[PDB]
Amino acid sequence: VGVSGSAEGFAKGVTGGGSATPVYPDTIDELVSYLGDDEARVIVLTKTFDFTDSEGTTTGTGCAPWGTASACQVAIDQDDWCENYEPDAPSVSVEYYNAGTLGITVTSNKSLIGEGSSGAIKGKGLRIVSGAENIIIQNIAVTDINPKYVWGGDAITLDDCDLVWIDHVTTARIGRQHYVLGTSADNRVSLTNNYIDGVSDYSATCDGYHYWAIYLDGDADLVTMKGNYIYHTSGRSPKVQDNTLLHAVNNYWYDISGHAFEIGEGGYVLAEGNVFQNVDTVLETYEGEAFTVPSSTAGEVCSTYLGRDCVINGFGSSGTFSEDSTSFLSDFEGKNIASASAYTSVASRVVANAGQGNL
C-alpha cells in the first residue's frame, strides 16, 4: 500500500518518502529508527505501536486549577508552572508515563501511513523537528497520551519544518495539545480530513470537552485546514497567534461547549465554506483579522487574489463569526489555494471522510 491522493492547499507538491520501498516496522524501536534516519522512507503501520510503558512512570507534584473532581484535569508542574504562571490552590500527587512527555522525532522525506483502521501509535506522539521537510502522515491514529494530566503530552508537534501534509489522522484522549505548530516564516502546512476527538474522561472544564485542541503559534507560516472534523472540544479550535496566515475551508465543527476561534494579535484568517453546528461561541478573542465571507457578494472580492469567489459558511445553533477584513488578501497571490465546495455538502462529507479508517 502507499500514499492515497495528494495534498491540497499550501503544501501542494509534498512527496514524503516518494517511491521508496515500504518498510513494515515490527517493534517500537524499529518505528523510531525509521522515522529518524537520514533516508527517504515509506513506513507502514499495520498494528498499534504502544509506547505507554516504554520509558517508565514518574510520581511528582502538580496542582488542580480546574477543580479536584474525578472528571477534572490537573496539571503537571513543569518549569514550576503552577506556582509561577498561576499561584495555584490544591497541590495533588500525580503519576504519569514518561513516554508521552515528548514525541517521536520525524526527519525529512517520510511518508508514515497506516493500513485500513489498524495503524496507530499509543502513549507517545510525533515531533517534526527543526529543518525537517517533505513529510506525509496519513491514515493513522495517535491516542491515549496521559489523558488526565496537562503537560502530560502533545499528540502532533511541528517545529520549524516545511512542506508537511497531515491527512486522515485521528487524535483522541491526549493530555494536552492534539496539534501544536511552531513553524517558521514561509513554512507550508496542509491539515486535511483529520478527526479531532475531544471526548475525554478528564477535561480542564470537567464536562468531558477537550480544551487543548489546535494551537497555531508559528512565525510567518501558511496553514491550510480543509475537511477537518473538530468535535466535542471546549477551546483552542483553533488558537491562532503571531503572523500565521490560516485558510480554513470546508471544515466541520460540531458540539463545542466552550469556544472555537481565538485569534490573537497578528493572526490572519480566511474562513469560507465551513459549518459550525452547536458551537456555543465561534469567536472568543479577536485581536487579529478575519474575512468570514459574510455574504456571497462580499465573497466576490476574493476573485483577484484566489482566482475565484470565496464561499459563505453555514451556522446552525451556534454563535456568530461575521468579519469582513480584507487587508491581508494579497498574501494569497502566487500560492497554492485549496478549492472550496458550498457549505451545504460539508457536514455530510466531513463526517463520512474525516479520520483514520475513512481513506
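Residue indices: 1-based, along the sequence shown.
Enquirer: What stretch has the higher average Cα B-factor here, 24-32 or 321-329?
Expert: Mean C-alpha B-factor is greater for 24-32.
Enquirer: Is the mean CA B factor in the deposited entry higher across 117-125 or across 271-279?
Expert: Looking at the recorded C-alpha B-factors, 117-125 comes out higher on average.
Enquirer: By the CA temperature factor listed in this entry, which of these ranks top: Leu102, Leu112, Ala260, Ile230?
Expert: Comparing C-alpha B-factors across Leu102, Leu112, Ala260, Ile230, the maximum falls on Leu102.
Enquirer: By the entry's C-alpha temperature factors, tell me which of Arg236, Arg188, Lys148, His178 sits highest.
Expert: Highest C-alpha B-factor among the listed options: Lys148.
Enquirer: Can you tell me whether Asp167 has a C-alpha B-factor in the lowest, middle or highest third compared with the other modelled residues of the same chain?
Expert: According to the entry, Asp167 has a C-alpha B-factor in the chain's lowest third.
Enquirer: Thinking about Cα B factors across the chain, which third does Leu359 belong to?
Expert: Tercile = highest for this residue's CA B-factor.
Enquirer: Thinking about Cα B factors across the chain, which third does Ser19 belong to?
Expert: Top third by C-alpha B-factor.
Enquirer: Place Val1 in the lowest, middle or highest third of its chain's C-alpha B-factors, as listed in the PDB entry.
Expert: Top third by C-alpha B-factor.
Enquirer: Among all modelled residues of this chain, ranked by Cα B factor, put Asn193 in the bottom, middle or top third, i.e. lowest, middle or highest.
Expert: Bottom third by C-alpha B-factor.
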